[PDB]
Number of protein chains: 4
Amino acid sequence: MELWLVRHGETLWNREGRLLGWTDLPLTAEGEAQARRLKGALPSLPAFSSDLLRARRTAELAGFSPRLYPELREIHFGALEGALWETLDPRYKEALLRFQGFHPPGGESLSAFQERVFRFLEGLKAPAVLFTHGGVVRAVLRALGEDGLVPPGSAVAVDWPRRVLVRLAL
Amino acid sequence: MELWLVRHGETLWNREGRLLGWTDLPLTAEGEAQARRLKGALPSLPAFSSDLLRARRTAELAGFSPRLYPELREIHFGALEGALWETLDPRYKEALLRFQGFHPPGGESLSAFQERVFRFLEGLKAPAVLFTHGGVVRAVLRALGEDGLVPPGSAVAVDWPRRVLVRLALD
Amino acid sequence: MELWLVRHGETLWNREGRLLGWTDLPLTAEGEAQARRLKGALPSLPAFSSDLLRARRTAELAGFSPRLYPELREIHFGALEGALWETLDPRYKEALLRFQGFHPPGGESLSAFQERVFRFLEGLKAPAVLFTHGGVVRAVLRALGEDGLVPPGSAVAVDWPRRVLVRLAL
Amino acid sequence: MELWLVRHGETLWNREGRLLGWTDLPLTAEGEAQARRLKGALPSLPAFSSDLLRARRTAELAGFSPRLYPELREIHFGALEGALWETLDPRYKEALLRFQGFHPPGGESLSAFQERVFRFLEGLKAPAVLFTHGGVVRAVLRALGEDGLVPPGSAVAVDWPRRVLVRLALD
């Protein structure tokens, strides 16, 4: 079943290199421009979106009116929200790189995060466009055996749960 | 899963251009003729149908004895039931044209409509013929990435939820 | 790759129950009606057709302008052209039923027929609509593990060479 | 196989509505701008291009160094080259609208055009970006069962010869 995974446009913490999870940052002017560019590429399938502002705004500027689901949110980094990637303790960096064994204080475990994401995906009943976050796109790509890193404002279409259909990076 | 969706025969509101949702209109003479032409053109599979008169009658004239499900009904237009498309407020026209963010007072939102329709389709255990409405066929075709407008009394077969197989219109 | 196999409309030998191969019979009025009905169902893909009149006319009435290929012709029945199926010698009937060991005098062997058909199919370079004959449609369906009998004026779409997509019988 | 087809930037005959085949017109200022916008929006894959100026220039401005193949050229309109679509004889208009039975005097038939294009695509060994023309993109999209009209300077990715993956238009 065709699903488009869209990573929201950039925020200030992207250029600053800070962990961005449930902190509700707005899009930068460039992030808004990235969202508008998606309007000329994304198919008009039923739309869903993380309820966080940056995702909702990306959906709006891309020409969609999404059903909001907190299950599409990025992982909750807890006390690590806003932490510089560069100065993250080695244990955290290593865990995020291997995508396992990450459970920041006051936040979500990577395992709980994946449970949440895949429960939502398995519940979908028709093709859809999903406005979400980097960690969510990464989890899905990794599940399909692919490298899960994608740029802000870009998207990847997948034939769930079989394979990747195409990547769209502008 | 192979599913054949049939848009019911025409009613008066088709030529008049009025939003037809849960208003239970009957088929016109031509609408019944369209339904009769479907007999022998549709596969012999289990059948389901919207419980609205125009759909049930199309199923009957097409040679089927469907199990009725309100879940296959057209979207509930609420206060917009019977409204001339021509005079619909821009916000509503746009919402219907782009098939998004539509929630008429006293009716169903497009999101609830899609959830209803797709939940019904997900529950089907095997290939079937579904006698339904223009909006239902549209939701399905659009979800499969194609233009969803089809003529009254016509059918479309799809491999749900993957691709459209064929569109069948008769003269 | 999507291929639509269309069996031409009926001729007089269909109701008469006679083997119809290279005998160039025209369509009956009903056969023409069957062809016109296909116009409202067949996709507008590149079209090819057997060069026999009944196939060409079906293509024309269905709204197509096909490239003609003798490779899409029904099997040449030789001396058996026009023979009543009912009175066919048991050996011939049995061979046609099992789809093997049929080589009428002055005609083509079923093996040579299949070679011709599949060589043409493997040569296709894009999806297409193929106006052809019962024996050809049967050969393709059997190759896909399905019963190959289809009514005159009907069609079957296949994802070559994997499986049948849908059958269209009016 | 993943293939990205790019319709070259606009030329004067786009706004004028004249059949543009082998007539070697240059890009307009806006056409070059459209080509520049493609840079960074197309994947880094081996590239091929029609040898006609407008296609080659689009490829260059998009950041590619394609191998040239006349096989990726637009159809040869023959005597109809430069003809206003508006005044085209009905037989020709119909042939082009229905994309069938088109054989202009001194030019290429649609059948020969398709054979040329599809033979070229069949020979591609791996994913690539193809800088080409409206008629080529149309032939491909139509063969995949979809409407084949796309804007100048836009692109479409397909999994050849199975389905369309995405259509990309930039403003």
# chains A, B, ... in the order shown; residues from 1 in each chain; ligands from 1
>>> closest_atom_pairs(of="chain A", to="chain D", cutoff="8 Å", atoms="only C-alpha atoms", output="Markdown table")
| residue | atom | partner | partner_atom | distance |
| --- | --- | --- | --- | --- |
| A:37 | CA | D:170 | CA | 6.7 |
| A:40 | CA | D:169 | CA | 4.9 |
| A:41 | CA | D:168 | CA | 4.6 |
| A:42 | CA | D:166 | CA | 7.6 |
| A:43 | CA | D:166 | CA | 7.7 |
| A:165 | CA | D:165 | CA | 6.9 |
| A:166 | CA | D:165 | CA | 6.6 |
| A:168 | CA | D:41 | CA | 7.9 |
| A:169 | CA | D:41 | CA | 6.1 |
| A:170 | CA | D:41 | CA | 4.1 |
>>> write_last_selection(atoms="N, CA and C atoms", output="short mmCIF file (atom, residue, chain, number, x, y, z; two decimals), in the first residue's frame")
data_model
loop_
_atom_site.label_atom_id
_atom_site.label_comp_id
_atom_site.auth_asym_id
_atom_site.auth_seq_id
_atom_site.Cartn_x
_atom_site.Cartn_y
_atom_site.Cartn_z
N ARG A 37 7.13 23.99 -1.98
CA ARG A 37 7.63 23.25 -3.12
C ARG A 37 7.02 21.86 -3.22
N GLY A 40 3.82 20.86 -5.53
CA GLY A 40 3.92 20.45 -6.91
C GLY A 40 4.42 19.04 -7.14
N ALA A 41 4.51 18.25 -6.07
CA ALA A 41 4.99 16.88 -6.21
C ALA A 41 4.15 15.81 -5.52
N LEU A 42 3.68 16.09 -4.31
CA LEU A 42 2.91 15.11 -3.56
C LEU A 42 1.55 14.79 -4.17
N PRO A 43 1.18 13.50 -4.21
CA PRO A 43 -0.11 13.08 -4.77
C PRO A 43 -1.24 13.46 -3.81
N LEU A 165 9.48 2.99 -2.93
CA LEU A 165 9.07 3.25 -4.31
C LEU A 165 9.94 4.31 -4.97
N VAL A 166 10.18 5.41 -4.27
CA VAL A 166 10.98 6.49 -4.81
C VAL A 166 11.31 7.51 -3.72
N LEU A 168 12.15 11.62 -2.98
CA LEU A 168 11.98 12.95 -3.55
C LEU A 168 12.71 13.98 -2.70
N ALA A 169 13.88 14.40 -3.17
CA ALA A 169 14.68 15.39 -2.47
C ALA A 169 14.88 16.59 -3.39
N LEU A 170 14.40 17.75 -2.97
CA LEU A 170 14.50 18.96 -3.76
C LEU A 170 15.66 19.85 -3.30
#
>>> closest_atom_pairs(of="chain D", to="chain B", cutoff="10 Å", atoms="only C-alpha atoms", output="tab-separated table")
residue	atom	partner	partner_atom	distance
D:146	CA	B:146	CA	8.4
D:147	CA	B:146	CA	9.8
D:163	CA	B:163	CA	9.9
>>> write_last_selection(atoms="N, CA and C atoms", output="tab-separated table (two decimals), in the first residue's frame")
chain	number	residue	atom	x	y	z
D	146	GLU	N	-1.80	6.62	-17.94
D	146	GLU	CA	-2.11	7.90	-17.32
D	146	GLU	C	-2.10	9.06	-18.31
D	147	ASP	N	-2.70	10.18	-17.91
D	147	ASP	CA	-2.73	11.36	-18.76
D	147	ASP	C	-1.26	11.73	-18.93
D	163	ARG	N	4.79	1.40	-13.64
D	163	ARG	CA	3.95	2.45	-13.07
D	163	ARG	C	4.64	3.80	-12.92
>>> select_by_dssp(residues="region 7-168 of chain C", states="strand (DSSP E or B)", output="mmCIF file with N, CA, C and O atoms, in the first residue's frame")
data_model
loop_
_atom_site.group_PDB
_atom_site.id
_atom_site.type_symbol
_atom_site.label_atom_id
_atom_site.label_comp_id
_atom_site.auth_asym_id
_atom_site.auth_seq_id
_atom_site.Cartn_x
_atom_site.Cartn_y
_atom_site.Cartn_z
ATOM 1 N N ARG C 7 -10.221 -10.854 -27.339
ATOM 2 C CA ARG C 7 -10.703 -11.824 -28.315
ATOM 3 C C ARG C 7 -11.680 -11.074 -29.213
ATOM 4 O O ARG C 7 -12.604 -10.423 -28.728
ATOM 5 N N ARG C 18 -17.520 -24.107 -35.788
ATOM 6 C CA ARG C 18 -16.496 -24.567 -36.719
ATOM 7 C C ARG C 18 -15.137 -23.974 -36.377
ATOM 8 O O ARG C 18 -15.051 -22.822 -35.940
ATOM 9 N N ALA C 47 -1.589 -0.048 -29.409
ATOM 10 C CA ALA C 47 -2.354 -1.195 -29.881
ATOM 11 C C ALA C 47 -1.713 -1.982 -31.009
ATOM 12 O O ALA C 47 -1.066 -1.416 -31.894
ATOM 13 N N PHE C 48 -1.917 -3.294 -30.959
ATOM 14 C CA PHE C 48 -1.419 -4.233 -31.956
ATOM 15 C C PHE C 48 -2.590 -5.134 -32.294
ATOM 16 O O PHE C 48 -3.501 -5.314 -31.482
ATOM 17 N N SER C 49 -2.569 -5.707 -33.489
ATOM 18 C CA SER C 49 -3.656 -6.579 -33.883
ATOM 19 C C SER C 49 -3.239 -7.615 -34.893
ATOM 20 O O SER C 49 -2.307 -7.413 -35.672
ATOM 21 N N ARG C 67 -1.080 -1.605 -34.926
ATOM 22 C CA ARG C 67 0.040 -2.001 -35.765
ATOM 23 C C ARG C 67 -0.306 -3.469 -36.020
ATOM 24 O O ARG C 67 -0.624 -4.210 -35.084
ATOM 25 N N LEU C 68 -0.264 -3.890 -37.277
ATOM 26 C CA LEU C 68 -0.623 -5.257 -37.629
ATOM 27 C C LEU C 68 0.540 -6.238 -37.595
ATOM 28 O O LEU C 68 1.615 -5.964 -38.122
ATOM 29 N N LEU C 84 -16.363 -28.905 -38.291
ATOM 30 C CA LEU C 84 -17.244 -28.833 -37.134
ATOM 31 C C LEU C 84 -16.532 -29.440 -35.935
ATOM 32 O O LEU C 84 -15.990 -30.543 -36.020
ATOM 33 N N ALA C 128 0.492 -2.788 -23.700
ATOM 34 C CA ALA C 128 -0.231 -2.744 -24.956
ATOM 35 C C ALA C 128 -1.580 -3.429 -24.901
ATOM 36 O O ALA C 128 -1.865 -4.202 -23.983
ATOM 37 N N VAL C 129 -2.399 -3.129 -25.905
ATOM 38 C CA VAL C 129 -3.703 -3.761 -26.073
ATOM 39 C C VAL C 129 -3.495 -4.598 -27.334
ATOM 40 O O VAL C 129 -3.056 -4.077 -28.375
ATOM 41 N N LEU C 130 -3.774 -5.893 -27.226
ATOM 42 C CA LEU C 130 -3.582 -6.833 -28.325
ATOM 43 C C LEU C 130 -4.902 -7.413 -28.817
ATOM 44 O O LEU C 130 -5.573 -8.154 -28.094
ATOM 45 N N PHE C 131 -5.280 -7.071 -30.045
ATOM 46 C CA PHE C 131 -6.512 -7.592 -30.629
ATOM 47 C C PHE C 131 -6.131 -8.886 -31.303
ATOM 48 O O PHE C 131 -5.376 -8.908 -32.276
ATOM 49 N N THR C 132 -6.662 -9.974 -30.768
ATOM 50 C CA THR C 132 -6.286 -11.273 -31.256
ATOM 51 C C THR C 132 -7.409 -12.309 -31.260
ATOM 52 O O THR C 132 -8.579 -11.960 -31.442
ATOM 53 N N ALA C 155 -12.155 -9.583 -22.962
ATOM 54 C CA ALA C 155 -10.729 -9.376 -22.817
ATOM 55 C C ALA C 155 -10.219 -9.799 -21.460
ATOM 56 O O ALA C 155 -10.987 -9.984 -20.515
ATOM 57 N N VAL C 156 -8.910 -9.962 -21.380
ATOM 58 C CA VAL C 156 -8.271 -10.316 -20.130
ATOM 59 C C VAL C 156 -6.984 -9.519 -20.065
ATOM 60 O O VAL C 156 -6.223 -9.467 -21.032
ATOM 61 N N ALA C 157 -6.756 -8.870 -18.933
ATOM 62 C CA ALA C 157 -5.543 -8.094 -18.741
ATOM 63 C C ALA C 157 -4.582 -8.930 -17.914
ATOM 64 O O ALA C 157 -4.977 -9.570 -16.935
ATOM 65 N N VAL C 158 -3.319 -8.934 -18.315
ATOM 66 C CA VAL C 158 -2.313 -9.694 -17.597
ATOM 67 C C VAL C 158 -1.088 -8.844 -17.288
ATOM 68 O O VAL C 158 -0.789 -7.880 -17.993
ATOM 69 N N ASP C 159 -0.410 -9.184 -16.201
ATOM 70 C CA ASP C 159 0.833 -8.522 -15.830
ATOM 71 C C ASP C 159 1.833 -9.563 -16.321
ATOM 72 O O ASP C 159 2.197 -10.490 -15.597
ATOM 73 N N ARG C 163 1.095 -12.774 -13.785
ATOM 74 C CA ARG C 163 -0.255 -13.202 -13.444
ATOM 75 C C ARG C 163 -1.350 -12.450 -14.187
ATOM 76 O O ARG C 163 -1.093 -11.464 -14.871
ATOM 77 N N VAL C 164 -2.581 -12.920 -14.028
ATOM 78 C CA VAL C 164 -3.736 -12.277 -14.630
ATOM 79 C C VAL C 164 -4.141 -11.121 -13.719
ATOM 80 O O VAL C 164 -4.152 -11.263 -12.491
ATOM 81 N N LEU C 165 -4.462 -9.981 -14.317
ATOM 82 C CA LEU C 165 -4.877 -8.803 -13.560
ATOM 83 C C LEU C 165 -6.388 -8.749 -13.379
ATOM 84 O O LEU C 165 -6.883 -8.500 -12.275
ATOM 85 N N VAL C 166 -7.123 -8.982 -14.460
ATOM 86 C CA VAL C 166 -8.576 -8.939 -14.407
ATOM 87 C C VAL C 166 -9.170 -9.486 -15.702
ATOM 88 O O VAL C 166 -8.511 -9.474 -16.741
ATOM 89 N N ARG C 167 -10.397 -9.990 -15.629
ATOM 90 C CA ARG C 167 -11.091 -10.489 -16.811
ATOM 91 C C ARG C 167 -12.286 -9.580 -17.062
ATOM 92 O O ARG C 167 -12.985 -9.184 -16.123
ATOM 93 N N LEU C 168 -12.516 -9.250 -18.326
ATOM 94 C CA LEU C 168 -13.614 -8.375 -18.718
ATOM 95 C C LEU C 168 -14.531 -9.093 -19.702
ATOM 96 O O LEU C 168 -14.215 -9.217 -20.882
#
>>> select_by_dssp(residues="chain D", states="helix (DSSP H, G or I)", output="count of residues only")
65
>>> residues_around(residues="region 10-26 of chain D", least_positions_apart="3", cutoff="8 Å", atoms="only C-alpha atoms", output="ChimeraX atom specification")
/D:30-32,34,52-54,73-77,80-86,152-153
>>> write_last_selection(atoms="N, CA and C atoms", output="PDB file, in the first residue's frame")
ATOM      1  N   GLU D  30      12.586  32.298 -19.774  1.00  0.00           N
ATOM      2  CA  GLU D  30      11.871  31.540 -18.756  1.00  0.00           C
ATOM      3  C   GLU D  30      12.213  30.054 -18.852  1.00  0.00           C
ATOM      4  N   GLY D  31      12.439  29.574 -20.072  1.00  0.00           N
ATOM      5  CA  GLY D  31      12.789  28.177 -20.258  1.00  0.00           C
ATOM      6  C   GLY D  31      14.103  27.847 -19.574  1.00  0.00           C
ATOM      7  N   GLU D  32      15.055  28.772 -19.645  1.00  0.00           N
ATOM      8  CA  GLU D  32      16.347  28.561 -19.010  1.00  0.00           C
ATOM      9  C   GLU D  32      16.170  28.615 -17.496  1.00  0.00           C
ATOM     10  N   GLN D  34      13.511  27.706 -15.894  1.00  0.00           N
ATOM     11  CA  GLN D  34      12.878  26.449 -15.503  1.00  0.00           C
ATOM     12  C   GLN D  34      13.956  25.379 -15.376  1.00  0.00           C
ATOM     13  N   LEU D  52      18.663  17.511 -29.454  1.00  0.00           N
ATOM     14  CA  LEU D  52      18.141  18.817 -29.840  1.00  0.00           C
ATOM     15  C   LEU D  52      18.545  19.861 -28.803  1.00  0.00           C
ATOM     16  N   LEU D  53      18.857  21.060 -29.286  1.00  0.00           N
ATOM     17  CA  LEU D  53      19.313  22.161 -28.449  1.00  0.00           C
ATOM     18  C   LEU D  53      18.556  22.403 -27.147  1.00  0.00           C
ATOM     19  N   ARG D  54      17.237  22.524 -27.233  1.00  0.00           N
ATOM     20  CA  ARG D  54      16.430  22.796 -26.053  1.00  0.00           C
ATOM     21  C   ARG D  54      16.549  21.745 -24.953  1.00  0.00           C
ATOM     22  N   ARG D  73      14.551  12.129 -29.149  1.00  0.00           N
ATOM     23  CA  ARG D  73      13.942  13.294 -29.778  1.00  0.00           C
ATOM     24  C   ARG D  73      12.426  13.229 -29.786  1.00  0.00           C
ATOM     25  N   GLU D  74      11.818  14.405 -29.896  1.00  0.00           N
ATOM     26  CA  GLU D  74      10.375  14.553 -30.003  1.00  0.00           C
ATOM     27  C   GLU D  74      10.010  13.891 -31.337  1.00  0.00           C
ATOM     28  N   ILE D  75       8.730  13.639 -31.569  1.00  0.00           N
ATOM     29  CA  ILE D  75       8.340  13.036 -32.835  1.00  0.00           C
ATOM     30  C   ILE D  75       8.640  14.017 -33.979  1.00  0.00           C
ATOM     31  N   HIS D  76       8.963  13.473 -35.147  1.00  0.00           N
ATOM     32  CA  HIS D  76       9.234  14.310 -36.312  1.00  0.00           C
ATOM     33  C   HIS D  76       7.886  14.615 -36.968  1.00  0.00           C
ATOM     34  N   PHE D  77       7.443  15.867 -36.870  1.00  0.00           N
ATOM     35  CA  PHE D  77       6.157  16.280 -37.433  1.00  0.00           C
ATOM     36  C   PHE D  77       6.132  16.452 -38.952  1.00  0.00           C
ATOM     37  N   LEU D  80       4.155  19.090 -40.955  1.00  0.00           N
ATOM     38  CA  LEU D  80       3.390  19.751 -39.905  1.00  0.00           C
ATOM     39  C   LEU D  80       4.266  20.499 -38.903  1.00  0.00           C
ATOM     40  N   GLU D  81       5.588  20.416 -39.061  1.00  0.00           N
ATOM     41  CA  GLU D  81       6.482  21.147 -38.166  1.00  0.00           C
ATOM     42  C   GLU D  81       6.095  22.628 -38.235  1.00  0.00           C
ATOM     43  N   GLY D  82       5.937  23.259 -37.079  1.00  0.00           N
ATOM     44  CA  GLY D  82       5.593  24.670 -37.045  1.00  0.00           C
ATOM     45  C   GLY D  82       4.130  25.018 -37.230  1.00  0.00           C
ATOM     46  N   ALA D  83       3.302  24.022 -37.522  1.00  0.00           N
ATOM     47  CA  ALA D  83       1.881  24.268 -37.729  1.00  0.00           C
ATOM     48  C   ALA D  83       1.182  24.672 -36.441  1.00  0.00           C
ATOM     49  N   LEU D  84       0.263  25.626 -36.541  1.00  0.00           N
ATOM     50  CA  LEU D  84      -0.502  26.058 -35.379  1.00  0.00           C
ATOM     51  C   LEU D  84      -1.464  24.934 -35.034  1.00  0.00           C
ATOM     52  N   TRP D  85      -1.485  24.535 -33.766  1.00  0.00           N
ATOM     53  CA  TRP D  85      -2.387  23.477 -33.334  1.00  0.00           C
ATOM     54  C   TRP D  85      -3.817  23.854 -33.698  1.00  0.00           C
ATOM     55  N   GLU D  86      -4.149  25.116 -33.457  1.00  0.00           N
ATOM     56  CA  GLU D  86      -5.471  25.658 -33.735  1.00  0.00           C
ATOM     57  C   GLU D  86      -5.998  25.360 -35.137  1.00  0.00           C
ATOM     58  N   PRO D 152       6.275  22.431 -19.140  1.00  0.00           N
ATOM     59  CA  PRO D 152       7.658  22.525 -19.612  1.00  0.00           C
ATOM     60  C   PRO D 152       8.564  22.644 -18.391  1.00  0.00           C
ATOM     61  N   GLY D 153       9.746  22.044 -18.461  1.00  0.00           N
ATOM     62  CA  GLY D 153      10.661  22.117 -17.337  1.00  0.00           C
ATOM     63  C   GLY D 153      10.247  21.313 -16.117  1.00  0.00           C
TER      64      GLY D 153
END
>>> atom_distance(atom1="CA of residue 55 (chain D)", atom2="CA of residue 131 (chain D)")
5.8 Å
>>> residues_around(residues="residue 139 (chain D)", least_positions_apart="5", cutoff="10 Å", atoms="only C-alpha atoms", output="PyMOL selection string")
(chain C and resi 45-46+126) or (chain D and resi 99+110+113-114+117-118+134+144-149)
>>> residues_around(residues="residue 14 (chain A)", least_positions_apart="3", cutoff="12 Å", atoms="only C-alpha atoms", output="list in words")
residues 8, 9, 10, 11, 17, 18, 19, 20, 21, 25, 26, 27, 28, 30, 31, 82, 83, 84, 85, 133, 134, 151, 152 and 153 of chain A
>>> residues_around(residues="region 119-121 of chain B", least_positions_apart="4", cutoff="7 Å", atoms="only C-alpha atoms", output="PyMOL selection string")
(chain A and resi 125) or (chain B and resi 71+115)
>>> write_last_selection(atoms="C-alpha atoms", output="PDB file, in the first residue's frame")
ATOM      1  CA  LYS A 125      -6.661   1.409   5.602  1.00  0.00           C
TER       2      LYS A 125
ATOM      3  CA  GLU B  71     -21.277   2.032   5.283  1.00  0.00           C
ATOM      4  CA  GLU B 115     -12.684   6.308   7.415  1.00  0.00           C
TER       5      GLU B 115
END
>>> atom_distance(atom1="CA of residue 110 (chain C)", atom2="CA of residue 75 (chain C)")
7.3 Å
>>> atom_distance(atom1="CA of residue 87 (chain B)", atom2="CA of residue 103 (chain B)")
17.2 Å
>>> closest_residue(among="A:127, A:6, A:114, A:81", to="residue 44 (chain A)", atoms="only C-alpha atoms")
A:127
